[PDB]
Protein chains: 2
Amino acid sequence: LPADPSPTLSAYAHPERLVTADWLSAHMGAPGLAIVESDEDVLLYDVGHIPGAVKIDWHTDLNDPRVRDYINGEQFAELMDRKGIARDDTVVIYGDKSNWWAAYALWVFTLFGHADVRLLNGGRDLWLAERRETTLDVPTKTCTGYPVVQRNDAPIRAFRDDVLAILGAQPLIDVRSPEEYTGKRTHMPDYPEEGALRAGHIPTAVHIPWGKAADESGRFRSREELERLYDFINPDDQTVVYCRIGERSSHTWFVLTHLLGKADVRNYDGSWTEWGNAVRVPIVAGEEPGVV
Amino acid sequence: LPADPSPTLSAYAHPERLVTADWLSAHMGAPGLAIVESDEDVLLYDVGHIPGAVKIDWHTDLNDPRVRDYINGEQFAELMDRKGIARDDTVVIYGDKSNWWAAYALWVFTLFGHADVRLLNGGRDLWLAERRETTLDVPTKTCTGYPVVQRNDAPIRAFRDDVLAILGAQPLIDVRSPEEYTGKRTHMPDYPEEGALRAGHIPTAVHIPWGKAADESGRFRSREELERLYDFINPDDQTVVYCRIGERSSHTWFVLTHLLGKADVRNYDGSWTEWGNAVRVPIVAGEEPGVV
């Protein structure tokens, strides 16, 4: 399928990476279009979803159940087959929590080189706010032949040691709440405080809450607004983003990579649940980025 | 001070490393004797303690507040000075939770090379069970001149990468509950389940609950009982022990090192809170140690 040419999107660096609700509704029933719901709430799809939408749950479908890592290429191909997704399909992903897990799913798809993956602008909440059609019907279509690919981490994923290496050398962006950034908490204010033995941020990390890039409706902010927000980023920068479990940072990862067109942006998916529990890693508290 | 020559202790490999309550009570008021309470419950000392006892709390006194590591040598010397402990003092440590944190404090003292550190056999709970004297009085004596030493981790502490290296090569002992070992839980049954993103044990780890080495009263089991329990350990072994935050494993560390006289035993203090949150480390579930 081709891109949404809506004026809301044309100013973005990769306008092909977002769609509007009107576009999606029009293009339902196209053979090459896959619609995927990805939520924090693993049982939210079961309450009602966009017609034609399949569920891909980040923890249960995309993570290894034993080791802290994603599934392999063989598993991903098996998943695509049973979800009715072909290699050349346009995949449009949406979900709750301001598209956090939808962006995270898009990022995971990118690990496996799926080329055309897009977000529904404003996600599940905008869809419902605008009283658009939902259904309990689950699509039956299955496919075969999705290629078993090499999972390609290096371009878009940063690991603990990678982060340690770039401290002071590259932009590091903490996208969490001020409570988390300053070291008052290890989780968001409205989430049970439990996950890390130390609180703070990674030295040199700058604080830019993920939500600065979206408006009240859940839609991404304009190119102009986003350009200002991340104006400090230069063409030669290899930006790293992080949060607690990588979901809010994948949202920022998406903003930087596709809406602003920045290159070499990596998500440090380990994030604070790794960093704040690791023995002998540098941590700073309070409002200052800190140094070395 | 010299060792407790009580027949209860003589069979142990290092009988100098334990004392009886009768010995301690007799030796109170000796100049070279320091008595330290170390608890899980940071405010338990304040409710009543052994006369002459000072408090050393593992988290607040012995840990760096920002980074996941212990304090440095300069800080330790400052701590010893204000607690009235001299370099040549006999330090007897006791506490709640079956001497877990007392053993952990002993281990930390050993990091800083304090030579004569002992546990009160049966700890705080036996002392109270036998209705021995407590007080609310806090000792006032302070000292100066405790040496600033090099903290010496390598002999007795294992780090994440060290553990990864010895998998299959050396004995690895998981001292947690069966629920934790098999991957049903990430914390003890009677503790809130919250701390790790993955559950299980480290591949090759064998399950020996810390409590097999102590009796109902909190006292350590006999040499004979302990020899049987850890009979599988050979002279050339470099044993590694672990739990969740290193406290139960320091208990086992103490049993192996001082009561059995095993050499090159290390505590992997990072333990499950590190391992079960680290990206891409091997994890196995169920009852089998597992392999490679």
# chains A, B, ... in the order shown; residues from 1 in each chain; ligands from 1
>>> interface_residues(of="chain B", to="chain A", cutoff="10 Å", atoms="only C-alpha atoms", output="PyMOL selection string")
chain B and resi 64-70+159-160+183+192-200+245+269-285
>>> write_last_selection(atoms="C-alpha atoms", output="mmCIF file, in the first residue's frame")
data_model
loop_
_atom_site.group_PDB
_atom_site.id
_atom_site.type_symbol
_atom_site.label_atom_id
_atom_site.label_comp_id
_atom_site.auth_asym_id
_atom_site.auth_seq_id
_atom_site.Cartn_x
_atom_site.Cartn_y
_atom_site.Cartn_z
ATOM 1 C CA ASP B 64 26.632 3.498 48.701
ATOM 2 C CA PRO B 65 23.344 5.434 48.548
ATOM 3 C CA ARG B 66 23.521 6.209 44.820
ATOM 4 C CA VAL B 67 25.319 3.321 43.105
ATOM 5 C CA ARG B 68 24.689 -0.386 43.701
ATOM 6 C CA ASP B 69 27.896 -1.119 45.570
ATOM 7 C CA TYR B 70 29.326 -0.991 49.064
ATOM 8 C CA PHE B 159 30.279 -10.328 39.701
ATOM 9 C CA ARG B 160 27.766 -11.001 36.884
ATOM 10 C CA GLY B 183 10.596 -19.858 38.629
ATOM 11 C CA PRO B 192 5.765 -9.116 48.185
ATOM 12 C CA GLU B 193 6.492 -10.508 44.705
ATOM 13 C CA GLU B 194 8.296 -7.619 42.986
ATOM 14 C CA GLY B 195 11.905 -7.198 41.880
ATOM 15 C CA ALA B 196 12.699 -9.104 38.668
ATOM 16 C CA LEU B 197 11.362 -9.270 35.085
ATOM 17 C CA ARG B 198 12.281 -12.946 34.766
ATOM 18 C CA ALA B 199 11.974 -15.870 37.180
ATOM 19 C CA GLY B 200 14.037 -19.068 37.449
ATOM 20 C CA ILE B 245 20.050 -9.526 47.268
ATOM 21 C CA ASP B 269 25.906 -10.368 45.741
ATOM 22 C CA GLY B 270 24.218 -9.053 42.581
ATOM 23 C CA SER B 271 22.117 -12.204 42.848
ATOM 24 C CA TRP B 272 18.629 -12.524 41.325
ATOM 25 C CA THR B 273 17.736 -8.792 41.493
ATOM 26 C CA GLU B 274 20.631 -8.294 39.082
ATOM 27 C CA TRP B 275 20.429 -11.517 37.079
ATOM 28 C CA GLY B 276 16.641 -11.633 36.598
ATOM 29 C CA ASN B 277 16.629 -8.047 35.267
ATOM 30 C CA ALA B 278 19.696 -8.179 33.037
ATOM 31 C CA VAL B 279 19.177 -8.269 29.271
ATOM 32 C CA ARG B 280 20.072 -11.563 27.522
ATOM 33 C CA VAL B 281 21.454 -13.697 30.358
ATOM 34 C CA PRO B 282 20.773 -17.458 30.443
ATOM 35 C CA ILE B 283 17.871 -18.504 32.676
ATOM 36 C CA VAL B 284 16.287 -21.917 33.248
ATOM 37 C CA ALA B 285 13.054 -22.772 35.094
#
>>> residues_around(residues="range 72-80 of chain B", least_positions_apart="3", cutoff="8 Å", atoms="only C-alpha atoms", output="count of residues only")
15
>>> select_by_dssp(residues="range 59-132 of chain A", states="strand (DSSP E or B)", output="list in words")
residues 63, 70, 90, 91, 92, 93, 94, 117, 118, 119 and 120 of chain A
>>> write_last_selection(atoms="N, CA, C and O atoms", output="PDB file, in the first residue's frame")
ATOM      1  N   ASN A  63       8.197 -11.355  23.399  1.00  0.00           N
ATOM      2  CA  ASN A  63       9.288 -11.669  24.324  1.00  0.00           C
ATOM      3  C   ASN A  63       9.509 -13.161  24.477  1.00  0.00           C
ATOM      4  O   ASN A  63       8.551 -13.938  24.453  1.00  0.00           O
ATOM      5  N   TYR A  70      13.850 -10.590  23.168  1.00  0.00           N
ATOM      6  CA  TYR A  70      12.778 -10.859  22.228  1.00  0.00           C
ATOM      7  C   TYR A  70      12.903 -12.265  21.659  1.00  0.00           C
ATOM      8  O   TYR A  70      13.894 -12.971  21.911  1.00  0.00           O
ATOM      9  N   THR A  90       1.537  -3.885   4.369  1.00  0.00           N
ATOM     10  CA  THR A  90       1.530  -2.678   5.180  1.00  0.00           C
ATOM     11  C   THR A  90       0.960  -3.065   6.545  1.00  0.00           C
ATOM     12  O   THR A  90      -0.162  -3.569   6.636  1.00  0.00           O
ATOM     13  N   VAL A  91       1.745  -2.865   7.595  1.00  0.00           N
ATOM     14  CA  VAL A  91       1.287  -3.169   8.948  1.00  0.00           C
ATOM     15  C   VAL A  91       1.026  -1.857   9.690  1.00  0.00           C
ATOM     16  O   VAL A  91       1.940  -1.073   9.908  1.00  0.00           O
ATOM     17  N   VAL A  92      -0.227  -1.628  10.063  1.00  0.00           N
ATOM     18  CA  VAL A  92      -0.593  -0.458  10.858  1.00  0.00           C
ATOM     19  C   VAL A  92      -0.867  -0.899  12.295  1.00  0.00           C
ATOM     20  O   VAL A  92      -1.759  -1.719  12.547  1.00  0.00           O
ATOM     21  N   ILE A  93      -0.090  -0.361  13.231  1.00  0.00           N
ATOM     22  CA  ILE A  93      -0.208  -0.723  14.648  1.00  0.00           C
ATOM     23  C   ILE A  93      -0.790   0.422  15.478  1.00  0.00           C
ATOM     24  O   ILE A  93      -0.477   1.591  15.236  1.00  0.00           O
ATOM     25  N   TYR A  94      -1.639   0.068  16.445  1.00  0.00           N
ATOM     26  CA  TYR A  94      -2.283   1.026  17.350  1.00  0.00           C
ATOM     27  C   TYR A  94      -2.490   0.334  18.689  1.00  0.00           C
ATOM     28  O   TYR A  94      -2.428  -0.897  18.780  1.00  0.00           O
ATOM     29  N   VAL A 117       5.857  -0.557   8.253  1.00  0.00           N
ATOM     30  CA  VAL A 117       5.144  -0.553   9.537  1.00  0.00           C
ATOM     31  C   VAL A 117       4.799   0.884   9.941  1.00  0.00           C
ATOM     32  O   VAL A 117       5.658   1.771   9.944  1.00  0.00           O
ATOM     33  N   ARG A 118       3.532   1.103  10.271  1.00  0.00           N
ATOM     34  CA  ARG A 118       3.023   2.434  10.550  1.00  0.00           C
ATOM     35  C   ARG A 118       2.248   2.473  11.867  1.00  0.00           C
ATOM     36  O   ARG A 118       1.781   1.438  12.353  1.00  0.00           O
ATOM     37  N   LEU A 119       2.120   3.671  12.437  1.00  0.00           N
ATOM     38  CA  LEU A 119       1.258   3.878  13.592  1.00  0.00           C
ATOM     39  C   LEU A 119      -0.013   4.606  13.190  1.00  0.00           C
ATOM     40  O   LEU A 119       0.011   5.483  12.321  1.00  0.00           O
ATOM     41  N   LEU A 120      -1.127   4.217  13.803  1.00  0.00           N
ATOM     42  CA  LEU A 120      -2.356   4.994  13.718  1.00  0.00           C
ATOM     43  C   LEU A 120      -2.213   6.210  14.639  1.00  0.00           C
ATOM     44  O   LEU A 120      -2.062   6.065  15.867  1.00  0.00           O
TER      45      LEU A 120
END
>>> residues_around(residues="residue 166 in chain B", least_positions_apart="4", cutoff="10 Å", atoms="only C-alpha atoms", output="short mmCIF file (atom, residue, chain, number, x, y, z; two decimals) with N, CA, C and O atoms, in the first residue's frame")
data_model
loop_
_atom_site.label_atom_id
_atom_site.label_comp_id
_atom_site.auth_asym_id
_atom_site.auth_seq_id
_atom_site.Cartn_x
_atom_site.Cartn_y
_atom_site.Cartn_z
N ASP B 161 29.64 -11.12 35.33
CA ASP B 161 30.51 -11.72 34.30
C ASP B 161 31.33 -12.91 34.80
O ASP B 161 31.58 -13.84 34.04
N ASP B 162 31.72 -12.87 36.07
CA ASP B 162 32.42 -13.99 36.72
C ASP B 162 31.56 -15.25 36.75
O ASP B 162 32.07 -16.35 36.56
N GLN B 170 32.27 -24.68 37.65
CA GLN B 170 32.34 -24.60 39.11
C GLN B 170 30.97 -24.79 39.77
O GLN B 170 29.94 -24.54 39.14
N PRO B 171 30.95 -25.25 41.04
CA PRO B 171 29.67 -25.35 41.75
C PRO B 171 29.01 -23.99 41.94
O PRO B 171 29.65 -23.04 42.40
N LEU B 172 27.73 -23.94 41.58
CA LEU B 172 26.90 -22.76 41.71
C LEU B 172 25.68 -23.15 42.55
O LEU B 172 24.93 -24.06 42.19
N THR B 204 22.77 -24.46 35.60
CA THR B 204 23.74 -25.27 36.37
C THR B 204 23.63 -25.10 37.89
O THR B 204 24.13 -25.94 38.65
N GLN B 238 35.87 -23.76 43.14
CA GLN B 238 35.69 -22.34 43.41
C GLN B 238 34.19 -22.05 43.46
O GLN B 238 33.62 -21.54 42.50
N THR B 239 33.56 -22.37 44.59
CA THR B 239 32.10 -22.29 44.73
C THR B 239 31.57 -20.85 44.71
O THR B 239 32.17 -19.96 45.30
N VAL B 240 30.44 -20.66 44.03
CA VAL B 240 29.72 -19.39 43.99
C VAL B 240 28.32 -19.64 44.57
O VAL B 240 27.66 -20.64 44.24
#
>>> select_by_dssp(residues="range 58-120 of chain A", states="alpha helix (DSSP H)", output="PyMOL selection string")
chain A and resi 73-83+100-111
>>> closest_residue(among="A:249, A:234, A:25, A:38", to="residue 97 in chain A", atoms="only C-alpha atoms")
A:38
>>> atom_distance(atom1="CA of residue 180 in chain A", atom2="CA of residue 109 in chain A")
28.4 Å
>>> residues_around(residues="range 132-141 of chain B", least_positions_apart="2", cutoff="12 Å", atoms="only C-alpha atoms", output="VMD selection string")
chain B and resid 21 to 22 24 to 25 28 to 29 31 34 to 37 44 to 55 80 to 86 123 to 130 143 to 144
>>> atom_distance(atom1="CA of residue 154 in chain A", atom2="CA of residue 244 in chain A")
20.1 Å
>>> residues_around(residues="range 215-226 of chain A", least_positions_apart="2", cutoff="6 Å", atoms="only C-alpha atoms", output="ChimeraX atom specification")
/A:11-12,98,121-122,213,228-229
>>> residues_around(residues="residue 157 in chain A", least_positions_apart="5", cutoff="8 Å", atoms="only C-alpha atoms", output="ChimeraX atom specification")
/A:266-269
>>> residues_around(residues="residue 103 in chain A", least_positions_apart="3", cutoff="9 Å", atoms="only C-alpha atoms", output="list in words")
residues 38, 93, 94, 95, 99, 100, 106, 107, 108, 118, 119, 247, 248, 250, 251, 252, 253 and 254 of chain A
>>> write_last_selection(atoms="C-alpha atoms", output="mmCIF file, in the first residue's frame")
data_model
loop_
_atom_site.group_PDB
_atom_site.id
_atom_site.type_symbol
_atom_site.label_atom_id
_atom_site.label_comp_id
_atom_site.auth_asym_id
_atom_site.auth_seq_id
_atom_site.Cartn_x
_atom_site.Cartn_y
_atom_site.Cartn_z
ATOM 1 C CA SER A 38 -0.709 -3.679 20.799
ATOM 2 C CA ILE A 93 -0.208 -0.723 14.648
ATOM 3 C CA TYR A 94 -2.283 1.026 17.350
ATOM 4 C CA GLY A 95 -2.986 0.574 21.059
ATOM 5 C CA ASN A 99 0.564 4.296 21.501
ATOM 6 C CA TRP A 100 3.565 3.351 23.743
ATOM 7 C CA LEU A 106 6.731 -1.210 15.482
ATOM 8 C CA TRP A 107 10.296 -1.140 16.842
ATOM 9 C CA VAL A 108 10.286 -4.933 17.331
ATOM 10 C CA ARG A 118 3.023 2.434 10.550
ATOM 11 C CA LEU A 119 1.258 3.878 13.592
ATOM 12 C CA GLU A 247 7.970 1.348 26.045
ATOM 13 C CA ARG A 248 7.958 5.132 26.556
ATOM 14 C CA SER A 250 10.206 3.435 21.849
ATOM 15 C CA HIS A 251 7.627 6.211 21.514
ATOM 16 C CA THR A 252 10.442 8.787 21.518
ATOM 17 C CA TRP A 253 12.541 6.467 19.347
ATOM 18 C CA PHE A 254 9.696 6.587 16.795
#
